[PDB]
Amino acid sequence: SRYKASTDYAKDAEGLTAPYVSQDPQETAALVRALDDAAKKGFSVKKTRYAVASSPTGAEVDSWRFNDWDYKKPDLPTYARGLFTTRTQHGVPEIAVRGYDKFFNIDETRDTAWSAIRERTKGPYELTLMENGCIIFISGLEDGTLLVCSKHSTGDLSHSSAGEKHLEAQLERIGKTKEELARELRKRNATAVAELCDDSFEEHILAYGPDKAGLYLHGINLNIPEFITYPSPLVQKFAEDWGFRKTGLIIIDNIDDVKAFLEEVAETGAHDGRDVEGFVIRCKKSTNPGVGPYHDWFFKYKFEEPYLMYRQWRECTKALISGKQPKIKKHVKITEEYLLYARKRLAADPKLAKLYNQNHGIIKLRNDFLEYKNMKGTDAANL
Ligand SMILES: Nc1ncnc2c1ncn2[C@@H]1O[C@H](COP(=O)(O)OP(=O)(O)OP(=O)(O)O)[C@@H](O)[C@H]1O
Ligand SMILES: [Mn+2]
Ligand SMILES: [Mn+2]
C-alpha cells in the first residue's frame, strides 16, 4: 500500500528508553519448582540439560519444551516459547534465556480471530517482517559467557553453532567481542532473539544469498517469567550497535488499516518488490477490553501462497527421493507437472537427491521449473 517496511527507525530510538526489570530469585525458583513438577509426569513439559562448553565455571542450562497444545491452556507458570534455566556459580537460580510467548497465526486460535483482536488489543501495531530461517537466542550468563541457543538446544553442525559462527563474523566485522556482547545482554537482563538465514548453511523457502545471509535481530526480551519485549526501533538500534541485520518494520496506528494492509500484501505474497513469508504483529492485549492491565502480545500473519505451494513441492520432492508417496493436497495439476520435471532433473543429475535431502537446491529446483513453465510463482499458485 502506501506503507513501507523500513530499517531507518534506529534513530528515533534515542527518544525511547529500553525496558528493564531485574530477576527475582524467589520468583525464578518457584517457576523452576513448577516446571520440574510438570516434568515429573504421572500441562506437561519436557526438560533437557546441556553443558555450556565455553563457560569457565562449567555452567549448565535447562531447556523447557512445551508442546504447542499447552499454550492454549490457562494457568501455565510461563508462556515462553524457548526457556532456559540455570544456577549461577553462587547457587542463584536464574532464567538464562527467554523467548517470545508462543504466539499464533490469524484464525488459528480464539484470540487471533480478527474480531477478537479488534476487541481486545490496542495500538500502535508493530508490523515486523517475518524472516524465514530458524530462531536463535543469545544471552549473557553470570560468569560472562555468551550463550547461543536454538529454540530448544545449545550443544554441537547444530543450528546453535551455525548461529554462533555467524555472530562471530558480524562481531569481528564491527570490532567487538562475544564477552562484550555477553556483558551488555546481562546488563540488560535480556535475551536477544534473531533469525538465522543462510542458504549456504540450510535452505528454507525464501532465498538468502551470501549477502542477505546472517542473523536477523527481531526481538529482545527480559529474562523474567512474564513477557516484556523491546519496541522494534530499540531492536533495530541494538542490531546496528552489535552488527545484526535488522528486521523491517511498519507502524500502523489503526487495526482496520492493519487488516486491510495485510490482506493487500497477501494477494501477491510480496511487498516492496521483495517476496515475504509474512508479518508478526506486536501490540498490547487486555484480558477483557475497555480498561485492564495491558501486556505485550503478538500475532502471526503467515501468507498462504505461493509459500504453501512451495512447501508442498519441497515435501513432495523429498517423498520422491525417499520411497514415500508424495502428498498432493493442493495445486494438483501444477504439482503433477512439477513432480515429473523433478524426476527428470534427478535422472540427469543423480547427486541432486542427496543435496536436496540436506536442504540445498530446494529453491533452485523450484525456480528452474517455474522458468521452464514461463510462470511467476504467484500465477502458478493461482491455477
Ligand atoms: N519479526 C519476527 N517476529 C517474531 N518471530 C519471527 C519474526 N521473523 C521470523 N520469526 C520466526 O517465526 C517463528 C514463528 O513463526 P513460524 O510459523 O515459523 O513458527 P514455528 O517455526 O512453528 O515456531 P513456534 O512453534 O514457536 O510458533 C519464530 O519462532 C521466529 O523464529
Ligand atoms: Mn510450531
Ligand atoms: Mn519460520
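All residue numbers in this chain count up from 1 along the given sequence. In each ligand, atom 1 is the first atom listed, and ligand 1 is the first ligand listed.
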Among all the protein's non-hydrogen atoms, which is closest to [atom], and how far away is it?
| atom | result |
| --- | --- |
| atom 3 (N) of ligand 1 | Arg282 NH2, 2.9 Å |
| atom 20 (P) of ligand 1 | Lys151 NZ, 4.1 Å |
| atom 17 (O) of ligand 1 | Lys300 NZ, 2.9 Å |
| atom 29 (O) of ligand 1 | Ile135 CD1, 3.4 Å |
| atom 8 (N) of ligand 1 | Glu131 N, 3.2 Å |
| atom 10 (N) of ligand 1 | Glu195 OE1, 3.5 Å |

So is there a nitrogen or oxygen of [X] less than 3.5 Å from a nitrogen or oxygen in ligand 1?
| X | value |
| --- | --- |
| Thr247 | no |
| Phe298 | no |
| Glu277 | no |

Counting heavy atoms only, which of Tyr100, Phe103, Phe279 is nearest atom 14 (C) of ligand 1?
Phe103
Cation-pi geometry met for [X] and [Y] (6.0 Å, 45°):
| X | Y | value |
| --- | --- | --- |
| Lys284 | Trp297 | no |
| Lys102 | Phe298 | no |
| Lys11 | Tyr9 | no |
| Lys122 | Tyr294 | yes |

Considering only heavy atoms of [X], which atoms of ligand 1 have at least one such atom less than 4.0 Å away?
| X | value |
| --- | --- |
| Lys102 | 24 (P), 25 (O), 27 (O) |
| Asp68 | 25 (O) |
| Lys302 | 17 (O) |

Looking only at side chains, do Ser286 and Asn288 share a donor and an acceptor under 3.5 Å apart?
no
Quick one about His331 and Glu305 (side-chain donor to acceptor, distance below 3.5 Å, no hydrogens or angles considered), yes or no?
yes
Give the ring-plane orientation class for [X] versus [Y], where under 30° counts as parallel, over 60° as perpendicular and anything between as tilted.
| X | Y | value |
| --- | --- | --- |
| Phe303 | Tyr301 | perpendicular |
| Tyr71 | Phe66 | tilted |
| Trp313 | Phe369 | perpendicular |

Have a look at ligand 1 and work out which part of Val280, if any, has a heavy atom under 4.0 Å from it: side chain, backbone, both or neither.
side chain
Quick one: does atom 22 (O) of ligand 1 have a protein heavy atom under 4.0 Å from it?
no
Decide if the gap between the ring center of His271 and the ring center of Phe261 is smaller than 6.0 angstrom.
yes
